[PDB]
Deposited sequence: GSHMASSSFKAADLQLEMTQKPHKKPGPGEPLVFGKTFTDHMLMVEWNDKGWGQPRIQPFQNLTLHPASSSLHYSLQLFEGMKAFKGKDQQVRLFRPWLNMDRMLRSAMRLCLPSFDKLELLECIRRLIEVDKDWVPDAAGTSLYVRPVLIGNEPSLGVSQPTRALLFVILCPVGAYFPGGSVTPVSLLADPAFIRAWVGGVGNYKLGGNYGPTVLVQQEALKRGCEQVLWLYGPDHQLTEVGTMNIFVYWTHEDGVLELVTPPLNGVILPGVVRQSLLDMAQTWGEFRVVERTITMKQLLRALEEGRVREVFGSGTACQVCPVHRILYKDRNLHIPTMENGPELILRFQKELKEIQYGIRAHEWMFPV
């Protein structure tokens, strides 16, 4: 069964937060949150309430066995103050897949989307409109059984919090990546293709190691052929002339060790629609990248994700071998084009079915 937006209960805040006057990601929260509880009677009524702490039993399975998943998606405000969510249906789809993998309760994707819309509407004045700014939406679903048994929970909590977010860049600044095969994010037969809290905790130490070695983010390698899987919390794309002499955009396939990014899917959809070069999903190895760089066949390498939309890469430290990636010497033409078509769509400059109006 599902909670219904029709049953929403609104508790407006009596202690509104002061709004920002330099926005740093994930530190500043809006005045309200969504909360829906689930138990043996099913889902309770959803409520929009003032941002507040959670009260959890010390044995909550969310805290002992990581019965927890989350999402991340942005709302954008156009010039005329219309707020729109980018492809939120895909986030709902992904959140439901995560829930099933952790044996957490199902819900109706459109009911949740409408509750989220209602929440953003309430806090609409928190949505910034300066260039490159957005409102970040963080849904979370956790198990909440007061039992140390490793088992399917009979209680759960679903909540959503919101953060206004500043510009990521106006001009794209590239990043350096540490590529060490010692580090593994996910594996075939694992859960790297679900947005589960458990996938992220172990990366904290690795990211520290990337900084210690003078890099900004982690290029996650997998397997004996040192496959390039993902970069930090972004999918990875390479724009090059492949070994067969064909200009192509390649990104690793959804074979279980990649999170299916919404931006990733959008970039594939956009480039396939242009019909100007080959667009493929295929494994990418460090062997191929090295050879391509030596042959001058690499144009651009970048990450995709909700944080920045598209992020150029200029350097990869592969163990002790420092590799220059010529992205910024090549425009970066494709990155700029993607960033432009997404900006026009996201801020309402071009009407589009990918946007969900609030």
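Undergrad: Could you give the ranges of the deposited sequence that carry no C-alpha coordinates?
TA: In sequence order, the gaps with no modelled C-alpha are 1-6, 28-30, 179-180.
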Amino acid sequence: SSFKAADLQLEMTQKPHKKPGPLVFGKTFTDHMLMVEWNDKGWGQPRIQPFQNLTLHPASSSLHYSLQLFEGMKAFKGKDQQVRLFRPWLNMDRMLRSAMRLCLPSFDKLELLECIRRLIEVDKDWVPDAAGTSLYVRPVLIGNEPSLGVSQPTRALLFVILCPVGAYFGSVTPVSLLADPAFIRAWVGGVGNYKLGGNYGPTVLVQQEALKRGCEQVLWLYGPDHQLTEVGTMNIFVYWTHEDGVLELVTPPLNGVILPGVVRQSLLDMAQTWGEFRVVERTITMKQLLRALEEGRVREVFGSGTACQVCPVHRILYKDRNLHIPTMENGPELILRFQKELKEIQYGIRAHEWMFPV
From here on, numbers count along this sequence of modelled residues.
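Undergrad: Select between 122-130 and 174-182 the stretch whose C-alpha atoms have the higher average B-factor in the entry.
TA: Taking the mean B-factor of the alpha carbons in each, 122-130 is higher.
Undergrad: Do the C-alpha atoms of 12-20 or of 340-348 have the higher average B factor in the entry?
TA: Result of the comparison: 12-20.
Undergrad: From the list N39, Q68, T306, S60, select the residue with the highest C-alpha B factor recorded in the entry.
TA: Across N39, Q68, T306, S60, the entry lists the biggest C-alpha B-factor for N39.
Undergrad: If you compare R299, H314, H64, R291, which has the highest Cα B-factor in the entry?
TA: In the PDB entry, the greatest C-alpha B-factor among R299, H314, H64, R291 is found at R291.
Undergrad: Thinking about Cα B factors across the chain, which third does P105 belong to?
TA: Middle third by C-alpha B-factor.
Undergrad: Quick check for you: using the entry's CA B-factors within this chain, is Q45 in the lowest, middle or highest third?
TA: For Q45, the deposited C-alpha B-factor lands in the highest third.
Undergrad: Within this chain's modelled residues, let me know which third the CA B factor of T285 belongs to: lowest, middle or highest.
TA: CA B-factor rank for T285: middle third.
Undergrad: Could you place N91 in the lowest, middle or highest third of its chain by Cα temperature factor, using the values in the record?
TA: Answer is lowest: the recorded C-alpha B-factor places it there.
Undergrad: Within this chain, which third does the Cα B-factor at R97 fall in: lowest, middle or highest?
TA: It falls in the bottom third of the chain.
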